[PDB]
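Encoded as structure tokens, the structure appears first; notes follow it.
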Amino acid sequence: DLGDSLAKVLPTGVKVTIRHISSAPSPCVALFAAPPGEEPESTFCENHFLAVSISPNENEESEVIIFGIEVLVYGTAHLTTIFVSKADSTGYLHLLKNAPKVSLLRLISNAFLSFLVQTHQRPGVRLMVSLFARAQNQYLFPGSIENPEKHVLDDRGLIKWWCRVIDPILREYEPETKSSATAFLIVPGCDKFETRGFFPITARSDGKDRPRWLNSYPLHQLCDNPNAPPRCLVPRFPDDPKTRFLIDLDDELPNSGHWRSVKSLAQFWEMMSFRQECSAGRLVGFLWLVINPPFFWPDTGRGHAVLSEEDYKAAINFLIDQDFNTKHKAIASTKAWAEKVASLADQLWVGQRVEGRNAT
Amino acid sequence: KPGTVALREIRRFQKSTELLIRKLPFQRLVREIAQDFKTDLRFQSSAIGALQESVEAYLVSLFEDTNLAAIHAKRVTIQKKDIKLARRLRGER
Amino acid sequence: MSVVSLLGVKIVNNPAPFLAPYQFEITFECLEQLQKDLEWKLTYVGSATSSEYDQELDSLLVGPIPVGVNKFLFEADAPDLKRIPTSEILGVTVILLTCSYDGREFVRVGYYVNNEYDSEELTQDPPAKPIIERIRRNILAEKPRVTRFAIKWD
Amino acid sequence: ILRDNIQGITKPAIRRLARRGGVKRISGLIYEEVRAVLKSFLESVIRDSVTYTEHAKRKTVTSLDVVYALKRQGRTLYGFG
Ligand SMILES: CC(C)(COP(=O)(O)OP(=O)(O)OC[C@H]1O[C@@H](n2cnc3c(N)ncnc32)[C@H](O)[C@@H]1OP(=O)(O)O)[C@@H](O)C(=O)NCCC(=O)NCCS
Numbered sequence: 001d002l003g004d005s006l007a008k009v010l011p012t013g014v015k016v017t018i019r020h021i022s023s024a025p026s027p028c029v030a031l032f033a034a035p036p037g038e039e040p041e042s043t044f045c046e047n048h049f050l051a052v053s054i055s056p057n058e059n060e061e062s063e064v065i066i067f068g069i070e071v072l073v074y075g076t077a078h079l080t081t082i083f084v085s086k087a088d089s090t091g092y093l094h095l096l097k098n099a100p101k102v103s104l105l106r107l108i109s110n111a112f113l114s115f116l117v118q119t120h121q122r123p124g125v126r127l128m129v130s131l132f133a134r135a136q137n138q139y140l141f142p143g144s145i146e147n148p149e150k151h152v153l154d155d156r157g158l159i160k161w162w163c164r165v166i167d168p169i170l171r172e173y174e175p176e177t178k179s180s181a182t183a184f185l186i187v188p189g190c191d192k193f194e195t196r197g198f199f200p201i202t203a204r205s206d207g208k209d210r211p212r213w214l215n216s217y218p219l220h221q222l223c224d225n226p227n228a229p230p231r232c233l234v235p236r237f238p239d240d241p242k243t244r245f246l247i248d249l250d251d252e253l254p255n256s257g258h259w260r261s262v263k264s265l266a267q268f269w270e271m272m273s274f275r276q277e278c279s280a281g282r283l284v285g286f287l288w289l290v291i292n293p294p295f296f297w298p299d300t301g302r303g304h305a306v307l308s309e310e311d312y313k314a315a316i317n318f319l320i321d322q323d324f325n326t327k328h329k330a331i332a333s334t335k336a337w338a339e340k341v342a343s344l345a346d347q348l349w350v351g352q353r354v355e356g357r358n359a360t
Numbered sequence: 361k362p363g364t365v366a367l368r369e370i371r372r373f374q375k376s377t378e379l380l381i382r383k384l385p386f387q388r389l390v391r392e393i394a395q396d397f398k399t400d401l402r403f404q405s406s407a408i409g410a411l412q413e414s415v416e417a418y419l420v421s422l423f424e425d426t427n428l429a430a431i432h433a434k435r436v437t438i439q440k441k442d443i444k445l446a447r448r449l450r451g452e453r
Numbered sequence: 454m455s456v457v458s459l460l461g462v463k464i465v466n467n468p469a470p471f472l473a474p475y476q477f478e479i480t481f482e483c484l485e486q487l488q489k490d491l492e493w494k495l496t497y498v499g500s501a502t503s504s505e506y507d508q509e510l511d512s513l514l515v516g517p518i519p520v521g522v523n524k525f526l527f528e529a530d531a532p533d534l535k536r537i538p539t540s541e542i543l544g545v546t547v548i549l550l551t552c553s554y555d556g557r558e559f560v561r562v563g564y565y566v567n568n569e570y571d572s573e574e575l576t577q578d579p580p581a582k583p584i585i586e587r588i589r590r591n592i593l594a595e596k597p598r599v600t601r602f603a604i605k606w607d
Numbered sequence: 608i609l610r611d612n613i614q615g616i617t618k619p620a621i622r623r624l625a626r627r628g629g630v631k632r633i634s635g636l637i638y639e640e641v642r643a644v645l646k647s648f649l650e651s652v653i654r655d656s657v658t659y660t661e662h663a664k665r666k667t668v669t670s671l672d673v674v675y676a677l678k679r680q681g682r683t684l685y686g687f688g
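Protein chains in written order, with our numbering: chain A, 1 to 360; chain B, 361 to 453; chain C, 454 to 607; chain D, 608 to 688.
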């Protein structure tokens with residue numbers, strides 16, 4: 001149960017209504033490009049979305065979304081990829097009476113990602129957690145930027161934030177030279193020394209022989225065949241600069257699979273440090289987490305709703321094109337979306353209530 | 361009312377964005393500039409691509425600085441002086 | 454890979470009057486001792502219409518440079534009115550803090566400046582003659598526009 | 608008098624680039640300056656890249672040449688860290 005997992009993290013006396021919309025694992029396009037003369041690996045995709053809301057305590061019906069995060073999960077015969085597509089807030093968490101002044105959203109993200117990792121950890125299968133940190137105003141909640149109480153981080157702050165989010169999950173395993181795990185961060189435009197500054201404080205006190213955080217790219221881990229063309233060595237996530245540049249480079253193809261302007265991965269990233277998304281006056285983060293271990297659904301809470309691909313898209317798109325300019329607008333949009341989800345799942349209500357137990 | 365235009369609201373951003381400037385005009389522009397520099401060299405398509413990426417990134421950042429400059433003048437509409445100020449703010453190109 | 458890199462710039466007197474001297478609390482970082490010194494310029498752009506109205510208010514030198522985090526005070530004289538247009542003087546302009554090693558510029562920070570009248574009555578009905586004793590400058594320390602160049606050191 | 612291709616960069620493209628930059632409204636008489644700045648920057652980058660290519664004694668400017676040209680333009684950000 002996801003509600004139980006999240007309840008163990010949140011502070012004591014924190015009432016939060018959650019909704020977890022997913023889709024059944026269905027065949028999709030391969031995350032990695034196929035080597036020349038071969039076929040793409042069969043990939044099964046699985047969508048996930050978490051919506052965390054509270055109550056301004058007018059009554060009980062009063063409900064406003066404070067956080068939202070969309071994560072894609074990929075599955076092949078060798079790799080399980082957990083990709084954080086989007087994440088955004090509305091800033092109405094301020095409306096919560098006696099706000100504990102904790103990094104709440106960070107804890108929610110950590111808990112959700114941990115739950116997904118645990119419930120999707122396959123026996124003896126490499127598991128990767130990838131994400132693209134770009135600091136922009138609003139992603140999921142239109143007009144939420146006009147909420148003064150919304151604390152929108154900057155580039156550096158957001159990168160450090162995601163790093164702090166992933167850090168515990170990383171340290172839940174053994175160092176790599178008994179499941180192992182290592183983290184990889186790449187900030188376009190920054191040398192290794194300047195990149196190190198984004199790592200959590202704990203990274204300062206790790207083994208020099210067996211580090212946990214590395215400013216590099218998991219090449220020999222993601223790809224068992226380093227002789228394949230560079231185009232087959234980079235994942236092509238939806239809505240990702242990596243993907244766009246990979247297509248732009250693939251436009252140079254008629255040497256099998258070899259580009260013209262980019263001969264290796266190093267050149268690829270050197271070029272990536274000067275793309276339109278990574279050099280618009282703001283820093284950008286690339287984060288990966290590699291884990292190497294030597295009703296058929298885990299989440300059982302009422303917050304969970306398994307919809308078809310079509311219905312999932314319908315629900316999510318219904319949510320992300322709403323208004324959150326004011327409190328009343330946010331609450332109204334929350335109610336409307338909740339009802340729409342209830343309709344798509346053929347239920348009278350979707351979502352569950354969670355109360356934190358931890359107080360340390 | 362010199363032709364002031366209000367831009368469409370950005371309801372939600374995205375992490376990857378296609379370049380806004382059309383490729384052929386940018387290409388013929390680059391070719392013109394290359395001619396004016398008096399050289400018999402030409403750029404690869406990938407090179408012109410990178411050029412466009414850099415140009416548009418520069419323009420977006422400069423427009424951010426321009427908007428900020430227009431804000432501190434207590435205005436919503438950006439002007440030419442705001443652009444010049446943003447340029448000087450960057451450190452002149 | 455830079456040997457010297459800034460870490461913070463805190464403006465002490467703000468919002469100070471226009472004629473008040475500029476005073477910056479600058480905190481930077483050095484990786485290793487260097488032969489030459491650090492040159493610091495502070496250029497006020499009187500008019501954005503041209504790069505000619507630029508005034509290098511003051512230039513300082515810092516040497517030698519200790520290894521680690523270093524903080525220092527940077528004082529500069531107020532700009533000259535005889536080199537600034539009487540129209541574009543009031544409003545929004547820009548200032549540039551330039552750090553260069555051995556003459557080679559490698560750090561360029563940019564700040565916005567807003568010259569305001571101390572009373573709203575003067576803002577509503579501005580005099581043809583600029584009242585410098587009633588104009589206070591307000592500069593932002595929120596988001597400085599920092600540009601880092603890569604240069605050869607020693 | 609010859610034609611200039613910088614006037615080929617249409618106004619809607621400029622407005623969209625402004626919108627992406629966070630601009631809400633623009634003045635009708637601003638496009639000329641935008642084209643001026645665009646042309647100046649692109650000019651500089653092209654000078655650097657073409658020069659680097661020339662000294663390399665090659666007949667075609669590759670994307671990497673453009674990269675090494677852009678490395679001279681410096682990195683612009685907010686704050687220090
Ligand atoms: C980034 C975001 C998701 C997290 O919001 P948040 O308010 O920072 O919540 P957090 O739990 O992460 O708080 C982090 C820190 O900010 C501080 N903080 C929170 N709210 C604050 C406020 N209103 N004012 C000042 N500081 C605040 C907290 O004290 C906390 O302290 P810490 O540094 O010790 O951790 C949210 O700000 C947001 O939605 N931003 C816009 C969307 C976005 O950028 N998405 C990018 C996805 S890659």
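Each residue gets a CB set at the ideal place from its N, CA and C atoms; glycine is no exception.
With 16 or more neighbouring CB atoms inside 10 Å of its own CB, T669 of chain D falls in the buried class. DSSP links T546 of chain C through a beta bridge to C:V566. Judged by DSSP secondary structure, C163 of chain A falls within the alpha helix (DSSP H) whose first and last residues are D155 to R171. The beta carbon of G516 of chain C does not come within 8 Å of any beta carbon belonging to chain D, so the residue lies off that interface. DSSP places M272 of chain A inside the alpha helix (DSSP H), whose first and last residues are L265 to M272.
Note: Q352 of chain A is bridge-paired with A:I18 in the DSSP secondary-structure output. By the C-beta density criterion, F198 of chain A is buried, having at least 16 other C-beta atoms within 10 angstroms. Non-local C-beta neighbours of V545 of chain C in its own chain, meaning closer than 6 Å and more than five positions away in sequence, comprise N567, ordered along the chain.
For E378 of chain B, same chain residues with a beta-carbon under 6 Å away, outside a window of 5 residues either side, do not exist. With its beta carbon less than 8 Å from one in chain D, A366 of chain B belongs to the interface.
For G461 of chain C, the C-beta contacts it makes with chain D under 7 Å involve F687, in order along the chain.
Taking C-beta atoms as the reference points, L367 of chain B and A620 of chain D fail to come closer than 8 Å. When CB distances to chain C are screened at a threshold of 9 Å, the residues of the region 654-679 of chain D falling below it are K678 and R679, in chain order.
In the displayed model, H120 of chain A falls within coil according to three-state DSSP, outside both helix and strand.
Bounds of any alpha helix (DSSP H) do not take in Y92 of chain A, whose DSSP letter is neither H nor E.
Under the three-state reduction of DSSP output, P470 of chain C falls in the strand class. Using a 10 angstroms sphere on the CB of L609 of chain D, the tally of other CB atoms stays under 16, which defines it as exposed. Look at the region 247-281 of chain A: the residues with a C-beta under 9 Å from a C-beta of chain D are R260, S261, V262, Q267, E270, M271, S273, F274, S279, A280 and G281. Excluding five sequence positions before and after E509 of chain C, the CB atoms of its chain that fall closer than 6 Å to its own CB belong to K494 and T496, given in chain order. According to DSSP, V290 of chain A shares a beta bridge with A:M128 and A:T182. When distances are taken from the beta-carbon of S376 of chain B to the heavy atoms of ligand 1, even the shortest one reaches 7 Å or more.
According to DSSP, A133 of chain A shares a beta bridge with A:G285.
Judged by DSSP in its simplified three-state form, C223 of chain A adopts coil rather than helix or strand. A direct Cα-Cα distance of roughly 28 Å separates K398 of chain B from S503 of chain C. Contacts between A429 of chain B and chain C, judged by CB atoms closer than 7 Å, involve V545 and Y565 in chain order. Each residue's CA atom was taken as its position, placing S216 of chain A and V547 of chain C some 39 Å apart. Ligand 1 approaches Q136 of chain A closely enough that one of its heavy atoms is under 7 Å from the residue's Cβ. Closer than 7 Å to some heavy atom of ligand 1: that does not describe the Cβ of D530 of chain C. Bridge pairing for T551 of chain C: C:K494 and C:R561 [DSSP].
Neighbours of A407 of chain B in chain C, taken as residues whose beta carbon is under 7 Å from its own, are absent, since the nearest beta carbon is some 22 Å off. Put simply, the CB of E452 of chain B is far from chain A, with every gap to its CB atoms at 8 Å or more.
Within the model, the alpha-carbon separation for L513 of chain C versus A111 of chain A is close to 52 Å. For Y74 of chain A, the uninterrupted beta strand (DSSP E) segment begins and ends at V64 to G75. By alpha-carbon distance to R122 of chain A, the top candidate from A:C190, A:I82, A:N325 and A:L287 is A:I82.
For the pair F471 of chain C and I585 of chain C, the CB atoms are nearer than the 8 Å cut-off.
Secondary-structure assignment with DSSP links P11 of chain A through a beta bridge to A:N358.
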